[PDB]
Structures are given as structure tokens and as C-alpha cells.
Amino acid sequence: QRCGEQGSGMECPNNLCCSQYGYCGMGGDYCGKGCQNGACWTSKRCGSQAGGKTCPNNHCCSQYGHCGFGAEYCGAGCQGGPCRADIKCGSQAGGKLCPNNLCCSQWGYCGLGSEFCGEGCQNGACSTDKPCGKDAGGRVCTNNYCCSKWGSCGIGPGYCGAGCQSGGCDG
């Protein structure tokens, strides 16, 4: 239920602002001073102008490095988030990965749903579930995901714990 640092990076539903103390709400108490994520009155920096950091809550990063929605943020110059432009990736783009765990279609563009994560998916939250490791001819996961003992890619102690074949192993 807590959010921000007090909630492990958690986000509030419906763009609700996460107060500096880690609770979800709307109003100055949450959206004002110390706002962690959500519709912060005080807009979060991103991309080029902010060390490459991405926007939380899947907001778009304007050409100016500010987080939000609308033509201004998602239109021309958008550096991140659901940009109105099509985001290239995969072999077709220097082997690039999609941002914020987006899947890369076989056609070389970023997205989510069966058309992007389905078959041909190059990276991101692909739902194909290709095996990795000892039995996959030594295959390693994409996105530094952890290859578990059963030889599946994922993130969470069950994938990254002891017996973590490769990737972001805790162990």
C-alpha cells in the first residue's frame, strides 16, 4: 500500500500522487512538496536533461526533459513513454532494447500486447517464454533478466535466487 521509497517504487492507480511520506492521494498534501510519482504538481525531469532517467507511471518525457501527457509531452521531441512516434528497436536499430520493459516486435518497434510481445519479440516483456541456460545451448535472457533453475527468464527472488543460471542473479 505505501508508494515511492516507502513502497518499493510502487505507483498509485489513476496517476494518483505519491506523497513524500509514501501514501497515495490527490491534493496539495500528496501532489505538492515531495511528490514521488503520479500527477505531481511539481513535474519530474527525465531523459537527456536528467541523466537518462525515465518518467514514472508511463508518462512521456518531453523534448525539454519534463514528464507528462498531451501534445506537448508525447508529441514532437518526446524522449520516452507512449510517444506518438514509433520507437525503433532490435537488430533493425543497432540491437536496441525497448524502454521500461517494452517488447520489441519482429518488425523493430516498441509496444505491448500480442503484436509486440508475441512471436518474433526481440526483447522486453515477451510472452513467448523461450528457455535459457544449461539446456538452451547456453542461451542467456534479454534485458539482463534472470535465467532461473528451471531455465526461464524473469525478475523476482524465484528467478534471481540460488540456482540463477545467468542475468541479474541475486545469487
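For every residue, the number given is its place in the sequence shown, counted from 1.
Colleague: Between 87-95 and 69-77, which has the larger average Cα B-factor in the PDB entry?
Modeller: Mean B over CA atoms: larger for 87-95.
Colleague: Higher average CA B factor in the deposited record is what I'm after, so tell me if that's 138-146 or 30-38.
Modeller: The deposited B-factors put 138-146 ahead on the C-alpha mean.
Colleague: According to the deposited entry, which of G124, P56, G52, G111 has the largest Cα B-factor?
Modeller: In this record, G52 carries the highest C-alpha B-factor of the candidates.
Colleague: Taking the values exactly as deposited, rank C61 by C-alpha B-factor within its chain and report the matching third: lowest, middle or highest.
Modeller: For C61, the deposited C-alpha B-factor lands in the lowest third.
Colleague: Give the position of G22 by CA B-factor within its chain, expressed as the lowest, middle or highest third.
Modeller: Within its chain, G22 is a lowest-third residue by C-alpha B-factor, going by the deposited values.
Colleague: Within this chain, which third does the Cα B-factor at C153 fall in: lowest, middle or highest?
Modeller: According to the entry, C153 has a C-alpha B-factor in the chain's middle third.
Colleague: When the deposited Cα B-factors of this chain's modelled residues are ordered and cut into thirds, is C104 in the lowest, the middle or the highest one?
Modeller: Tercile = lowest for this residue's CA B-factor.
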